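K.L.:
One structure, as structure tokens, below. Some questions next.
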Amino acid sequence: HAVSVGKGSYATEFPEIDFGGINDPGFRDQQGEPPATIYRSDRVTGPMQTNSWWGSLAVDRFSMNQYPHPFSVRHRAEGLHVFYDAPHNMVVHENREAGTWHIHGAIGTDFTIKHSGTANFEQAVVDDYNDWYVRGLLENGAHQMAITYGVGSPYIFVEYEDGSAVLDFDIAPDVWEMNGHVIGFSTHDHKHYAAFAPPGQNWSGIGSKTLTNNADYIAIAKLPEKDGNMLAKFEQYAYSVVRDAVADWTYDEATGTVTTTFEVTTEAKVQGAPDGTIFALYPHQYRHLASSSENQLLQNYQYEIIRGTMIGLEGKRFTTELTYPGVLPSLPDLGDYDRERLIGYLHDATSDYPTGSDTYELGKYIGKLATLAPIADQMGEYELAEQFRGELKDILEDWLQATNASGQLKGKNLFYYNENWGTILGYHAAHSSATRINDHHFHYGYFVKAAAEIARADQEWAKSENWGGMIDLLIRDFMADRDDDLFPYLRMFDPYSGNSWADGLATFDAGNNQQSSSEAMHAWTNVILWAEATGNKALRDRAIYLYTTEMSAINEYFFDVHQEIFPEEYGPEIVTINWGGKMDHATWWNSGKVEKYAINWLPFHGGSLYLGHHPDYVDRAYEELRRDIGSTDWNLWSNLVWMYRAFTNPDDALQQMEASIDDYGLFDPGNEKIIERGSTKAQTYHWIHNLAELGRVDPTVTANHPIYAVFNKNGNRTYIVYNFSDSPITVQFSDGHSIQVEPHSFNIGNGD
Ligand SMILES: OC[C@H]1O[C@@H](O[C@@H]2[C@@H](O)[C@H](O[C@@H]3[C@@H](O)[C@H](O[C@@H]4[C@@H](O)[C@H](O)O[C@H](CO)[C@H]4O)O[C@H](CO)[C@H]3O)O[C@H](CO)[C@H]2O)[C@H](O)[C@@H](O)[C@@H]1O
Ligand SMILES: OC[C@H]1O[C@@H](O[C@@H]2[C@@H](O)[C@H](O)O[C@H](CO)[C@H]2O)[C@H](O)[C@@H](O)[C@@H]1O
Ligand SMILES: *[C@@H]1O[C@H](CO)[C@@H](O)[C@H](O)[C@H]1O
């Protein structure tokens, strides 16, 4: 009933849960498993993909509404509904009393793609998928309709078995170009589309509500404009059905460059169809397009979507280039703090305890301890640092064992492998981490943080045959490489959308969602640190790719740093929750004003410096939150606002901190006014004083090793490197600066 992995183990049978006398139905229902039924064909075997834009197809009998941008679609018994949010469909609404804003479209139908033989399909299943397309299969015995579609595809490819094509409309469309087998058409409300069949298979029903074609293959395209030259271009790739799609990446450690090539492989549905497609690129992609891909752009081919403007690009592949900025295990000892006051705060933190038994609340607590230990080391409090790391070891050694002293499965504080889907679930569970396969990056990221801090001081503990095997198992659950026998590829991450999706099932009409982009970045940071500490280059580089790509998405869709994506009428300077089909300034729980910003900042750690790359954004967002609050009397989590403010104005952050940090004493679960419960006074005090001495984050300088940061105060740069090696190293920076770093240390600010 359990599998040994080094000194640890995971359960292979669902445990008999220890509820601890808690009768609350919500809590009890969390200690379960994901759905027994997976709507996939017998062509889809092995660990099932989750946390995808398309997941509702796998979980629901049919599907819920999905956003393969530029389209929205949904599977039904009658066929596939297709929709496009035009400007008249989009709204921006504010609820002043709730403090919420919503940018959204409609759940309409422009037309339904149908099968001539049936409008009563039994189910829709996942029949194939790749890095960002899916093949959905509507099934009714001999009648089948296979639909291939994806984020960043302006095509929907339709393949029929035992029937032919039908497009059904509630109001008759305007067919403005009739080329026989190819038609350009518009909905009654002027949305422009095209349909393509093989030569000789001509469309019928023009002028009526129902367009028909005898072919066993059609493609639908969303056209950027009512334009026959564009229709002719779409015709060129309309018979090249996407079968494979991969996002392959490299990390150039010398330059920091992360290069990602998106490549499709198509199957020809007519003689001579080219191996390629027309991609629709998101802002985070085209703003970083490689020079070599520029010639493939279709300049005037634009689509408006929730995420701004998509642009067309033709061919087999395209490439993006990003800059990995480094991460640190902790900020070093460079602040102008009262060392005795900080030491006092470090000892105060021994009063802290987890506010629940689930993986998330336990996670927040071990993240807190892992953050305190390096600061204790810096202050010369080696014995206190050892207490914290000893507490981390005791917790991890408990959770990473599935069996008790007798050899039977435990009822809590363990991990279990669900074989049906192929995922590691932790009990106790919360936020539907087990029942919906939610948030595995958010939760397990904190476990990796604890492991990485242990590994920084104790390489032996972190060896695979000891406790490292189980940590590497948790990491595989949420970010596996290809051909992993237990887990699907990069579970959390959508390589094309550029962000992680938090919900395992995606059974919402807005598609999938992500709230805390900062907890995702925290997970990626901790894997970089863990992998560096344990000598695992392939793992480290994968986490670098994730960190850097997620950052590009965050700056577009959560922050809109370029002031191009959010509608002008949208008041806030942040989107709290990104969905496939909408954007919310709102939280998953009932909160106040600060939390709707700070849930995309927390936790603060050595990988948080990405938050300060755009100082005008940091100012703009802070100022808007301050305007809405009406003062610096933060409704909750004051310390997070101060730490954020320190990215651009550490003097202001310092005066706010001095005025209120000691308003309350030791850890109090009921009161997060001043200190958010995953944070501490020691962390807050250490952070703000470091930023005061260091100045602004400087993203214009890179290094030829991955564990570093560069700051800039009025033209004077500070270069920080941590060296995880047993040997000394030399680090070259891109501005010509060079430093030596001794084993297991920072170059500067090691402390006592
Ligand atoms: O922060 C403000 C308040 O936020 C509250 O949490 C909301 C949350 O309620 C919301 O969830 C909705 C889902 O309810 C919705 O489910 C649909 C089903 O109800 C329906 O029957 O079926 C369809 C599928 O066919 C479902 O989609 O789905 C939408 C997305 O499609 C969700 O948004 O999500 C909000 C974020 O978007 C979230 O803020 C919270 O509970 C309050 O405490 C808080 O005051
Ligand atoms: O720790 C900050 C706040 O986190 C909130 O939970 C978030 C969830 O909405 C979501 O499921 O992802 C993770 C949890 O898995 C969190 O970011 C808590 O509800 C808040 O109590 C907490 O203050
Ligand atoms: C988030 O945190 C608050 C307390 O800070 C709690 O009341 C909510 O239930 C939890 O989700």
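If you're wondering about the labels, chains in the structure tokens are A, B, ... by order shown, residues count from 1 in each chain, ligands from 1 in order shown.
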Per residue of region 657-679 of chain A within 10 Å of region 640-650 of chain A, what are the shortest atom pair and its distance in Å to one decimal, counting only C-alpha atoms, with rows by chain and residue number, as a Markdown table?
P.N.:
```
| residue | atom | partner | partner_atom | distance |
| --- | --- | --- | --- | --- |
| A:657 | CA | A:642 | CA | 6.7 |
| A:674 | CA | A:640 | CA | 8.8 |
| A:675 | CA | A:640 | CA | 7.8 |
| A:676 | CA | A:640 | CA | 7.2 |
| A:679 | CA | A:640 | CA | 8.2 |
```
K.L.:
Within 8 Å of ligand 3, counting only C-alpha atoms and all ligand atoms, which protein or nucleic acid residues do you find, written as a PDB file with N, CA and C atoms, in the first residue's frame?
P.N.:
```pdb
ATOM      1  N   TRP A 589     -11.817  34.256  -1.886  1.00  0.00           N
ATOM      2  CA  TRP A 589     -12.387  34.348  -0.536  1.00  0.00           C
ATOM      3  C   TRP A 589     -12.844  35.798  -0.315  1.00  0.00           C
ATOM      4  N   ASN A 590     -13.620  36.030   0.743  1.00  0.00           N
ATOM      5  CA  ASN A 590     -14.093  37.379   1.033  1.00  0.00           C
ATOM      6  C   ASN A 590     -12.982  38.206   1.665  1.00  0.00           C
ATOM      7  N   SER A 591     -12.543  39.242   0.950  1.00  0.00           N
ATOM      8  CA  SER A 591     -11.407  40.071   1.354  1.00  0.00           C
ATOM      9  C   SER A 591     -11.689  41.566   1.211  1.00  0.00           C
ATOM     10  N   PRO A 669      -3.136  34.545  15.191  1.00  0.00           N
ATOM     11  CA  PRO A 669      -3.906  34.098  14.010  1.00  0.00           C
ATOM     12  C   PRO A 669      -5.136  34.942  13.670  1.00  0.00           C
ATOM     13  N   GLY A 670      -5.786  35.519  14.678  1.00  0.00           N
ATOM     14  CA  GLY A 670      -6.989  36.320  14.462  1.00  0.00           C
ATOM     15  C   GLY A 670      -6.784  37.731  13.926  1.00  0.00           C
ATOM     16  N   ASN A 671      -5.534  38.179  13.802  1.00  0.00           N
ATOM     17  CA  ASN A 671      -5.240  39.560  13.448  1.00  0.00           C
ATOM     18  C   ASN A 671      -4.072  39.678  12.458  1.00  0.00           C
ATOM     19  N   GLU A 672      -4.414  39.889  11.186  1.00  0.00           N
ATOM     20  CA  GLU A 672      -3.438  40.077  10.120  1.00  0.00           C
ATOM     21  C   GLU A 672      -3.361  41.535   9.640  1.00  0.00           C
ATOM     22  N   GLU A 676       0.829  39.910   7.777  1.00  0.00           N
ATOM     23  CA  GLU A 676       0.120  38.818   7.093  1.00  0.00           C
ATOM     24  C   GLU A 676       0.633  37.476   7.646  1.00  0.00           C
ATOM     25  N   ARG A 677      -0.235  36.474   7.772  1.00  0.00           N
ATOM     26  CA  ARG A 677       0.103  35.272   8.572  1.00  0.00           C
ATOM     27  C   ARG A 677       1.213  34.373   8.026  1.00  0.00           C
TER      28      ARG A 677
END
```
K.L.:
Check the smallest atom-to-atom distance from each of A:478, A:388, A:360, A:169 to ligand 2 using only C-alpha atoms and all ligand atoms, then report the winner.
P.N.:
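Among the listed residues, A:360 lies closest to ligand 2.
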K.L.:
Which residues of chain A sit at most 10 Å from ligand 2, using only C-alpha atoms and all ligand atoms? Give each one's shortest atom pair and distance in Å (one decimal place), in chain and ascending residue order, as JSON lines.
P.N.:
```
{"residue": "A:355", "atom": "CA", "partner": "ligand 2", "partner_atom_place_in_ligand_line": "21 (O)", "distance": 9.7}
{"residue": "A:358", "atom": "CA", "partner": "ligand 2", "partner_atom_place_in_ligand_line": "15 (O)", "distance": 9.9}
{"residue": "A:359", "atom": "CA", "partner": "ligand 2", "partner_atom_place_in_ligand_line": "15 (O)", "distance": 8.5}
{"residue": "A:360", "atom": "CA", "partner": "ligand 2", "partner_atom_place_in_ligand_line": "15 (O)", "distance": 5.9}
{"residue": "A:361", "atom": "CA", "partner": "ligand 2", "partner_atom_place_in_ligand_line": "1 (O)", "distance": 7.9}
{"residue": "A:363", "atom": "CA", "partner": "ligand 2", "partner_atom_place_in_ligand_line": "1 (O)", "distance": 9.6}
{"residue": "A:364", "atom": "CA", "partner": "ligand 2", "partner_atom_place_in_ligand_line": "1 (O)", "distance": 7.0}
{"residue": "A:429", "atom": "CA", "partner": "ligand 2", "partner_atom_place_in_ligand_line": "15 (O)", "distance": 9.3}
{"residue": "A:430", "atom": "CA", "partner": "ligand 2", "partner_atom_place_in_ligand_line": "15 (O)", "distance": 6.8}
{"residue": "A:431", "atom": "CA", "partner": "ligand 2", "partner_atom_place_in_ligand_line": "11 (O)", "distance": 4.7}
{"residue": "A:432", "atom": "CA", "partner": "ligand 2", "partner_atom_place_in_ligand_line": "11 (O)", "distance": 7.4}
{"residue": "A:433", "atom": "CA", "partner": "ligand 2", "partner_atom_place_in_ligand_line": "15 (O)", "distance": 7.0}
{"residue": "A:438", "atom": "CA", "partner": "ligand 2", "partner_atom_place_in_ligand_line": "11 (O)", "distance": 7.0}
{"residue": "A:439", "atom": "CA", "partner": "ligand 2", "partner_atom_place_in_ligand_line": "15 (O)", "distance": 5.1}
{"residue": "A:440", "atom": "CA", "partner": "ligand 2", "partner_atom_place_in_ligand_line": "15 (O)", "distance": 7.8}
{"residue": "A:441", "atom": "CA", "partner": "ligand 2", "partner_atom_place_in_ligand_line": "15 (O)", "distance": 8.8}
{"residue": "A:442", "atom": "CA", "partner": "ligand 2", "partner_atom_place_in_ligand_line": "15 (O)", "distance": 6.0}
{"residue": "A:443", "atom": "CA", "partner": "ligand 2", "partner_atom_place_in_ligand_line": "15 (O)", "distance": 6.2}
{"residue": "A:444", "atom": "CA", "partner": "ligand 2", "partner_atom_place_in_ligand_line": "15 (O)", "distance": 9.8}
{"residue": "A:502", "atom": "CA", "partner": "ligand 2", "partner_atom_place_in_ligand_line": "12 (O)", "distance": 7.4}
{"residue": "A:503", "atom": "CA", "partner": "ligand 2", "partner_atom_place_in_ligand_line": "11 (O)", "distance": 8.3}
{"residue": "A:514", "atom": "CA", "partner": "ligand 2", "partner_atom_place_in_ligand_line": "12 (O)", "distance": 8.2}
{"residue": "A:515", "atom": "CA", "partner": "ligand 2", "partner_atom_place_in_ligand_line": "17 (O)", "distance": 6.6}
{"residue": "A:516", "atom": "CA", "partner": "ligand 2", "partner_atom_place_in_ligand_line": "17 (O)", "distance": 5.0}
{"residue": "A:517", "atom": "CA", "partner": "ligand 2", "partner_atom_place_in_ligand_line": "17 (O)", "distance": 8.5}
{"residue": "A:518", "atom": "CA", "partner": "ligand 2", "partner_atom_place_in_ligand_line": "17 (O)", "distance": 8.6}
{"residue": "A:519", "atom": "CA", "partner": "ligand 2", "partner_atom_place_in_ligand_line": "17 (O)", "distance": 6.7}
{"residue": "A:520", "atom": "CA", "partner": "ligand 2", "partner_atom_place_in_ligand_line": "17 (O)", "distance": 9.2}
{"residue": "A:577", "atom": "CA", "partner": "ligand 2", "partner_atom_place_in_ligand_line": "9 (O)", "distance": 9.7}
{"residue": "A:587", "atom": "CA", "partner": "ligand 2", "partner_atom_place_in_ligand_line": "9 (O)", "distance": 6.8}
{"residue": "A:588", "atom": "CA", "partner": "ligand 2", "partner_atom_place_in_ligand_line": "9 (O)", "distance": 4.7}
{"residue": "A:589", "atom": "CA", "partner": "ligand 2", "partner_atom_place_in_ligand_line": "19 (O)", "distance": 5.6}
{"residue": "A:590", "atom": "CA", "partner": "ligand 2", "partner_atom_place_in_ligand_line": "19 (O)", "distance": 8.5}
{"residue": "A:591", "atom": "CA", "partner": "ligand 2", "partner_atom_place_in_ligand_line": "23 (O)", "distance": 8.6}
{"residue": "A:595", "atom": "CA", "partner": "ligand 2", "partner_atom_place_in_ligand_line": "23 (O)", "distance": 7.9}
{"residue": "A:598", "atom": "CA", "partner": "ligand 2", "partner_atom_place_in_ligand_line": "2 (C)", "distance": 8.5}
{"residue": "A:599", "atom": "CA", "partner": "ligand 2", "partner_atom_place_in_ligand_line": "2 (C)", "distance": 6.0}
{"residue": "A:600", "atom": "CA", "partner": "ligand 2", "partner_atom_place_in_ligand_line": "17 (O)", "distance": 8.5}
{"residue": "A:601", "atom": "CA", "partner": "ligand 2", "partner_atom_place_in_ligand_line": "2 (C)", "distance": 9.8}
{"residue": "A:602", "atom": "CA", "partner": "ligand 2", "partner_atom_place_in_ligand_line": "2 (C)", "distance": 7.1}
{"residue": "A:603", "atom": "CA", "partner": "ligand 2", "partner_atom_place_in_ligand_line": "1 (O)", "distance": 7.8}
{"residue": "A:636", "atom": "CA", "partner": "ligand 2", "partner_atom_place_in_ligand_line": "23 (O)", "distance": 9.8}
{"residue": "A:637", "atom": "CA", "partner": "ligand 2", "partner_atom_place_in_ligand_line": "23 (O)", "distance": 8.9}
{"residue": "A:672", "atom": "CA", "partner": "ligand 2", "partner_atom_place_in_ligand_line": "23 (O)", "distance": 8.7}
{"residue": "A:676", "atom": "CA", "partner": "ligand 2", "partner_atom_place_in_ligand_line": "23 (O)", "distance": 7.4}
{"residue": "A:677", "atom": "CA", "partner": "ligand 2", "partner_atom_place_in_ligand_line": "23 (O)", "distance": 7.3}
{"residue": "A:678", "atom": "CA", "partner": "ligand 2", "partner_atom_place_in_ligand_line": "1 (O)", "distance": 6.5}
{"residue": "A:679", "atom": "CA", "partner": "ligand 2", "partner_atom_place_in_ligand_line": "1 (O)", "distance": 9.5}
```
K.L.:
Give me, as a PyMOL selection string, the set of residues whose atoms come within 8 Å of any atom of ligand 1, counting only C-alpha atoms and all ligand atoms.
P.N.:
chain A and resi 64-65+98-100+507-511+577+579+582-591+596
K.L.:
Choose the residue, out of A:52, A:236, A:130, A:41, that has the smallest atom-to-atom separation from residue 265 (chain A); count only C-alpha atoms.
P.N.:
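Closest candidate: A:130.
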K.L.:
Could you pull the residues within 7 Å of region 703-715 of chain A, counting only C-alpha atoms, minus those fewer than 5 positions along the same chain, as a list in words?
P.N.:
residues 253, 254, 255, 256, 326, 327, 328, 694, 695, 696, 697, 698, 720, 721, 722, 731, 732, 733 and 734 of chain A
K.L.:
If you keep N, CA and C atoms, can you produce a file of those selected residues as an mmCIF file, in the first residue's frame?
P.N.:
```cif
data_model
loop_
_atom_site.group_PDB
_atom_site.id
_atom_site.type_symbol
_atom_site.label_atom_id
_atom_site.label_comp_id
_atom_site.auth_asym_id
_atom_site.auth_seq_id
_atom_site.Cartn_x
_atom_site.Cartn_y
_atom_site.Cartn_z
ATOM 1 N N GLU A 253 23.029 29.910 -20.370
ATOM 2 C CA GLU A 253 23.476 30.360 -19.053
ATOM 3 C C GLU A 253 24.425 31.572 -19.108
ATOM 4 N N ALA A 254 25.254 31.662 -20.146
ATOM 5 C CA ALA A 254 26.174 32.800 -20.305
ATOM 6 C C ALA A 254 25.451 34.149 -20.422
ATOM 7 N N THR A 255 24.384 34.196 -21.217
ATOM 8 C CA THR A 255 23.661 35.447 -21.510
ATOM 9 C C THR A 255 22.369 35.643 -20.705
ATOM 10 N N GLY A 256 21.862 34.570 -20.098
ATOM 11 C CA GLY A 256 20.554 34.583 -19.449
ATOM 12 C C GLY A 256 19.373 34.388 -20.390
ATOM 13 N N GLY A 326 17.854 35.960 -12.806
ATOM 14 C CA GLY A 326 18.446 35.419 -11.584
ATOM 15 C C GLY A 326 17.437 35.307 -10.457
ATOM 16 N N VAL A 327 17.772 34.500 -9.453
ATOM 17 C CA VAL A 327 17.065 34.474 -8.179
ATOM 18 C C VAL A 327 18.100 34.310 -7.064
ATOM 19 N N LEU A 328 17.682 34.576 -5.833
ATOM 20 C CA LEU A 328 18.524 34.363 -4.641
ATOM 21 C C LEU A 328 17.829 33.441 -3.639
ATOM 22 N N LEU A 694 20.204 49.100 -0.867
ATOM 23 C CA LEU A 694 20.508 48.571 -2.196
ATOM 24 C C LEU A 694 19.990 49.426 -3.353
ATOM 25 N N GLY A 695 18.834 50.060 -3.163
ATOM 26 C CA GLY A 695 18.188 50.854 -4.208
ATOM 27 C C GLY A 695 17.200 50.025 -5.016
ATOM 28 N N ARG A 696 17.156 50.284 -6.320
ATOM 29 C CA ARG A 696 16.192 49.659 -7.226
ATOM 30 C C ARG A 696 16.751 48.360 -7.781
ATOM 31 N N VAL A 697 15.870 47.407 -8.081
ATOM 32 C CA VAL A 697 16.270 46.221 -8.846
ATOM 33 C C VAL A 697 16.777 46.704 -10.211
ATOM 34 N N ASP A 698 17.874 46.125 -10.690
ATOM 35 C CA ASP A 698 18.432 46.486 -11.995
ATOM 36 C C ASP A 698 18.360 45.289 -12.953
ATOM 37 N N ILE A 720 25.079 40.908 -6.170
ATOM 38 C CA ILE A 720 24.887 39.870 -5.160
ATOM 39 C C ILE A 720 24.881 38.519 -5.856
ATOM 40 N N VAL A 721 25.674 37.582 -5.349
ATOM 41 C CA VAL A 721 25.695 36.202 -5.839
ATOM 42 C C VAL A 721 25.703 35.287 -4.631
ATOM 43 N N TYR A 722 24.925 34.205 -4.684
ATOM 44 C CA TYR A 722 25.085 33.105 -3.734
ATOM 45 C C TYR A 722 25.656 31.895 -4.462
ATOM 46 N N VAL A 731 32.043 34.924 -11.230
ATOM 47 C CA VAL A 731 30.835 35.317 -11.953
ATOM 48 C C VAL A 731 31.131 36.552 -12.793
ATOM 49 N N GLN A 732 30.820 36.466 -14.087
ATOM 50 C CA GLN A 732 30.920 37.593 -15.018
ATOM 51 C C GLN A 732 29.536 38.204 -15.212
ATOM 52 N N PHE A 733 29.435 39.524 -15.051
ATOM 53 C CA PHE A 733 28.196 40.262 -15.321
ATOM 54 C C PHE A 733 28.274 40.937 -16.683
ATOM 55 N N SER A 734 27.107 41.227 -17.261
ATOM 56 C CA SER A 734 27.008 41.724 -18.639
ATOM 57 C C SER A 734 27.523 43.156 -18.826
#
```
K.L.:
In Å, rounded to a single decimal, give me how far CA of residue 424 (chain A) is from CA of residue 5 (chain A).
P.N.:
13.4 Å
K.L.:
When you look at region 312-322 of chain A with a cut-off of 7 Å (counting only C-alpha atoms), what residues show up, excluding the ones that are within fewer than 6 positions of it in the same chain? I need them as a PyMOL selection string.
P.N.:
chain A and resi 257-264+275-281+285+288-290+293+296-298+301-302+548
K.L.:
One decimal, Å: what's the distance from CA of residue 553 (chain A) over to CA of residue 500 (chain A), could you say?
P.N.:
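Pair CA of residue 553 (chain A) / CA of residue 500 (chain A) returns 9.5 Å.
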K.L.:
Any idea what the distance is between CA of residue 351 (chain A) and CA of residue 667 (chain A)?
P.N.:
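CA of residue 351 (chain A) sits 6.1 Å away from CA of residue 667 (chain A).
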K.L.:
Residues near residue 546 (chain A), anyone? I mean within 9 Å using only C-alpha atoms, not counting same-chain ones fewer than 3 positions away, as a list in words.
P.N.:
residues 493, 495, 498, 499, 521, 524, 541, 542, 543, 549, 550 and 551 of chain A
K.L.:
Next, the residues of the selection above should be written as a JSON list (two decimals), in the first residue's frame with C-alpha atoms.
P.N.:
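Result written to out21.json:
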```json
[["chain", "number", "residue", "atom", "x", "y", "z"],
["A", 493, "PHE", "CA", 2.00, 25.34, -17.05],
["A", 495, "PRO", "CA", 3.46, 26.96, -22.60],
["A", 498, "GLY", "CA", 2.50, 31.66, -20.89],
["A", 499, "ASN", "CA", 1.08, 31.14, -17.41],
["A", 521, "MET", "CA", 6.69, 32.26, -9.27],
["A", 524, "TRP", "CA", 9.50, 28.05, -9.81],
["A", 541, "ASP", "CA", 16.92, 24.87, -16.29],
["A", 542, "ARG", "CA", 13.29, 23.75, -16.65],
["A", 543, "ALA", "CA", 12.38, 25.85, -13.60],
["A", 549, "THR", "CA", 8.02, 32.69, -19.17],
["A", 550, "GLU", "CA", 5.51, 33.10, -16.31],
["A", 551, "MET", "CA", 7.13, 36.51, -15.59]]
```
K.L.:
With distances taken over only C-alpha atoms, which residue among A:401, A:210, A:378, A:186 lies nearest residue 222 (chain A)?
P.N.:
A:186
K.L.:
Going by DSSP on the backbone, which bits of region 25-234 of chain A are strand (DSSP E)? Write them as a PyMOL selection string, please.
P.N.:
chain A and resi 72-76+79-83+91-95+100-104+111-115+123-129+133-140+143-150+155-161+165-168+174-178+182-186+192-196+210-213+217-222
K.L.:
Enumerate as a list in words all residues of region 178-340 of chain A assigned to helix (DSSP H, G or I) by DSSP on the backbone, naming them with the chain letters and numbers the document uses.
P.N.:
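The helix (DSSP H, G or I) residues within region 178-340 of chain A come out as residues 228, 229, 230, 231, 232, 233, 234, 235, 236, 237, 283, 284, 285, 286, 291, 292, 293, 294, 295, 296, 339 and 340 of chain A.
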K.L.:
Can those selected residues be exported to a file as an mmCIF file, in the first residue's frame so that it contains N, CA and C atoms?
P.N.:
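The result, stored in again.cif:
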```
data_model
loop_
_atom_site.group_PDB
_atom_site.id
_atom_site.type_symbol
_atom_site.label_atom_id
_atom_site.label_comp_id
_atom_site.auth_asym_id
_atom_site.auth_seq_id
_atom_site.Cartn_x
_atom_site.Cartn_y
_atom_site.Cartn_z
ATOM 1 N N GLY A 228 -11.294 39.761 -48.611
ATOM 2 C CA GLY A 228 -11.069 38.613 -49.484
ATOM 3 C C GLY A 228 -9.616 38.212 -49.662
ATOM 4 N N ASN A 229 -8.688 39.157 -49.505
ATOM 5 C CA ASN A 229 -7.261 38.820 -49.553
ATOM 6 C C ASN A 229 -6.879 38.002 -48.317
ATOM 7 N N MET A 230 -7.439 38.363 -47.166
ATOM 8 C CA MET A 230 -7.230 37.577 -45.945
ATOM 9 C C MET A 230 -7.847 36.191 -46.070
ATOM 10 N N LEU A 231 -9.047 36.112 -46.646
ATOM 11 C CA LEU A 231 -9.689 34.821 -46.900
ATOM 12 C C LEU A 231 -8.778 33.925 -47.752
ATOM 13 N N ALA A 232 -8.178 34.507 -48.790
ATOM 14 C CA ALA A 232 -7.237 33.779 -49.655
ATOM 15 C C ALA A 232 -6.007 33.262 -48.901
ATOM 16 N N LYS A 233 -5.472 34.070 -47.988
ATOM 17 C CA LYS A 233 -4.366 33.644 -47.125
ATOM 18 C C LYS A 233 -4.802 32.498 -46.207
ATOM 19 N N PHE A 234 -5.968 32.615 -45.570
ATOM 20 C CA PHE A 234 -6.458 31.531 -44.701
ATOM 21 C C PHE A 234 -6.724 30.230 -45.453
ATOM 22 N N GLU A 235 -7.116 30.350 -46.717
ATOM 23 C CA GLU A 235 -7.282 29.185 -47.566
ATOM 24 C C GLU A 235 -5.993 28.365 -47.710
ATOM 25 N N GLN A 236 -4.840 29.030 -47.718
ATOM 26 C CA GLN A 236 -3.554 28.338 -47.911
ATOM 27 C C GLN A 236 -3.232 27.306 -46.826
ATOM 28 N N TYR A 237 -3.643 27.586 -45.582
ATOM 29 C CA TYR A 237 -3.364 26.707 -44.429
ATOM 30 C C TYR A 237 -4.613 26.010 -43.854
ATOM 31 N N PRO A 283 0.290 38.982 -26.697
ATOM 32 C CA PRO A 283 1.282 40.024 -26.373
ATOM 33 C C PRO A 283 2.605 39.543 -25.752
ATOM 34 N N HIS A 284 2.556 38.628 -24.783
ATOM 35 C CA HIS A 284 3.785 38.123 -24.151
ATOM 36 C C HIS A 284 4.703 37.378 -25.130
ATOM 37 N N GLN A 285 4.143 36.892 -26.235
ATOM 38 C CA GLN A 285 4.940 36.267 -27.292
ATOM 39 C C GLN A 285 5.479 37.295 -28.290
ATOM 40 N N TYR A 286 4.591 38.046 -28.939
ATOM 41 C CA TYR A 286 5.063 38.903 -30.035
ATOM 42 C C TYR A 286 5.922 40.082 -29.600
ATOM 43 N N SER A 291 14.227 37.834 -34.020
ATOM 44 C CA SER A 291 14.435 38.477 -35.321
ATOM 45 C C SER A 291 14.141 37.545 -36.488
ATOM 46 N N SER A 292 14.554 36.288 -36.351
ATOM 47 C CA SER A 292 14.382 35.287 -37.397
ATOM 48 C C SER A 292 12.922 34.940 -37.706
ATOM 49 N N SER A 293 11.999 35.204 -36.768
ATOM 50 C CA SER A 293 10.553 34.989 -36.980
ATOM 51 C C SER A 293 9.795 36.205 -37.546
ATOM 52 N N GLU A 294 10.429 37.375 -37.556
ATOM 53 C CA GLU A 294 9.759 38.629 -37.930
ATOM 54 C C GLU A 294 9.167 38.620 -39.339
ATOM 55 N N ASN A 295 9.862 37.981 -40.281
ATOM 56 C CA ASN A 295 9.412 37.897 -41.683
ATOM 57 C C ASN A 295 8.105 37.114 -41.858
ATOM 58 N N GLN A 296 7.764 36.278 -40.876
ATOM 59 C CA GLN A 296 6.538 35.472 -40.918
ATOM 60 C C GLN A 296 5.286 36.188 -40.415
ATOM 61 N N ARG A 339 20.655 45.701 14.430
ATOM 62 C CA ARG A 339 20.879 44.244 14.467
ATOM 63 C C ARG A 339 20.225 43.556 15.673
ATOM 64 N N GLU A 340 20.255 44.208 16.839
ATOM 65 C CA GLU A 340 19.599 43.673 18.046
ATOM 66 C C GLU A 340 18.074 43.657 17.949
#
```
K.L.:
For residue 487 (chain A), list every protein, DNA or RNA residue within 8 Å, evaluated using only C-alpha atoms, and leave out those in the same chain fewer than 4 positions away; present the list as a ChimeraX atom specification.
P.N.:
/A:47-48,422-423,476-477,480,491
K.L.:
Compare A:749, A:571, A:8, A:150 by their minimum atom-to-atom distance to residue 95 (chain A), counting only C-alpha atoms, and give me the closest one.
P.N.:
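Looking only at the distances to residue 95 (chain A), the closest residue turns out to be A:571.
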K.L.:
Residues near residue 90 (chain A), anyone? I mean within 9 Å using only C-alpha atoms, not counting same-chain ones fewer than 6 positions away, as a ChimeraX atom specification.
P.N.:
/A:103-106,306
